[PDB]
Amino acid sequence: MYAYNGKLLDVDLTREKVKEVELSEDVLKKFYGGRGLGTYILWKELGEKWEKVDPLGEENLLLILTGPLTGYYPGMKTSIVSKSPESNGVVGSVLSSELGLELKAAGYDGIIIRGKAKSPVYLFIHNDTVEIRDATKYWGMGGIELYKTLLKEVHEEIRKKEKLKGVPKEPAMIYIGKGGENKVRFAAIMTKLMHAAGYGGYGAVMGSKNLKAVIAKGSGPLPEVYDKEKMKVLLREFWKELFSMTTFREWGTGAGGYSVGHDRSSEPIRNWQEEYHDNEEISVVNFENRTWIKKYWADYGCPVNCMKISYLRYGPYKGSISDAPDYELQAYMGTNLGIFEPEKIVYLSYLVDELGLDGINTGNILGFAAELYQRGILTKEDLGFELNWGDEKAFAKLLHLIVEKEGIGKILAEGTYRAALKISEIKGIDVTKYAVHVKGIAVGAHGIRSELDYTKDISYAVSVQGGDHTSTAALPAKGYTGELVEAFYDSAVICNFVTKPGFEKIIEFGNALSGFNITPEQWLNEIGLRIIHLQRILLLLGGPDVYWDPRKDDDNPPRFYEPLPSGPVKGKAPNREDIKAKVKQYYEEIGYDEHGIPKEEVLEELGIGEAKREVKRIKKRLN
């Protein structure tokens, strides 16, 4: 076919079996790729028994996916989809791994990973060769050591075998760190040290399968495209637009650490107790002069080059390496912990990167624990040491406890939501009032109180990905900001930061590749809508340990109703009754009933009528 290979690899780690399965055009026209295609596979294979599927158990599926634009549109993303250990729903996550490009050049569109290997393995893909290999020598390695041993060795192996064909480029690799290996529920899947499939806890899924890494190398061409000449014209157009984003290319998200708090008053400060600050130490000017050793770094085919590399040659944390760091790490491993100085932030970012932990849900649990310590709820003896705001050494000790599941770390390793429940039961104190999450997923570092940021009122409250700030809901529900459009980029699969040409142009580009004729109206009223509805259904089925009830859980954490204590919009916070009104409107606009459950009529019109069986089981639990 055009733009896809039409094949997935199916890998059974229990039985140590590999096979190719077909990817039909009808499935592709109905779900597109990436997030949408993965949501369909999960519902079809598991939806009938979803509430019994343990995401850390061997019956979960780990899906590594692409879409038709992957490899042709500027920039580079691979999609990762599974049942989430955080929300018990589905998260369409992405990371800037060339794995997706290498898969397509080797003849595949993606990987279905099932079961669980007896011992640590890695998955090796080299054109037609697919092998499950022993990984016990690499279990316990962080990213730096893994690139220097496993990845280099596999490259050497391939170089020697292909000697008479020349020297192949490096293979692409995704992997977990010790956080994923020990099934910390907010562990991430990593690539290239500093890139993450961040939301959803998929590092724990991958570690629960004893899978250390996936390594892929392809040397064939990408699939044929339907309209080559149109594709080239559009590419030239897109490059030229993307080159002109001067400050984003120079700074990436690195100006966020100062800007979001100071300018928008929407940055978490000490577990969201404030959202404004005035502290210039965290300005990008100091990250650049004190830490950046590479100012322009890019993924495959990317004219934006938003990435940077920070590296410490001095001080107690010399050897630490990270990116700008990304704004979310500057906030959640920085200002959220009362830490503003670049050296300390690069240190803590390095640690979560090396350990394979999502910086957002990690920083959230660290700030939660520090507020509990502030309030006397967690004592020095509970922790083993004092946890003061601003003390990066104490936060690093806490990270160690979490990864080793030692002491209080065994409770905190479950994530903010589950840990708040447990500490509430243990202490006889409601600490869920300090837990800043929606649907079990920590809220990203963009608050709603000031209404000077892009997030407001229902952004997190009704999203099928909870606190995921990279996939928020909007009013109107269709319409080019909001869940439906993000579902497209997470399915396409392309990088958000490369979408300046706009939703309609990018859809046009995709038709030029695939031969389809999808319209923006068709994406918003059918294809994206069915993706969102299936994710809504799987999230509401939930289980086995945590279930959601939309009448209380389609809402903001209670801290988001407390007036802002400081800054230029001191006193501001939304009103819960307005939020309740907007939620009911969102239901109407998106096709849910008055209780937030997808309407059976809408499912049947979306071509997913079978899901009434799941909608039927959601309602008995709820009544």
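Numbering starts at 1 and runs along the sequence shown.
For the pair 88-96 and 510-518, the mean Cα B-factor is higher in 510-518. If you average the C-alpha B-factors over 223-231 and over 269-277, the higher value belongs to 223-231. Among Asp323, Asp353, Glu392, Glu381, the highest C-alpha B-factor recorded in the PDB entry belongs to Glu381. Per the PDB record, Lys160 has a higher Cα B-factor than any other of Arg290, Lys169, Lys183, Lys160. When the modelled residues of the chain are ordered by their C-alpha B factor, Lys433 lands in the middle third. In this PDB entry, the Cα temperature factor of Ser208 sits in the middle third of its chain's modelled residues. In this PDB entry, the Cα temperature factor of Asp453 sits in the middle third of its chain's modelled residues.
When the modelled residues of the chain are ordered by their C-alpha B factor, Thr136 lands in the highest third. When all modelled residues of the chain are sorted by CA temperature factor, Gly115 is found within the highest third.
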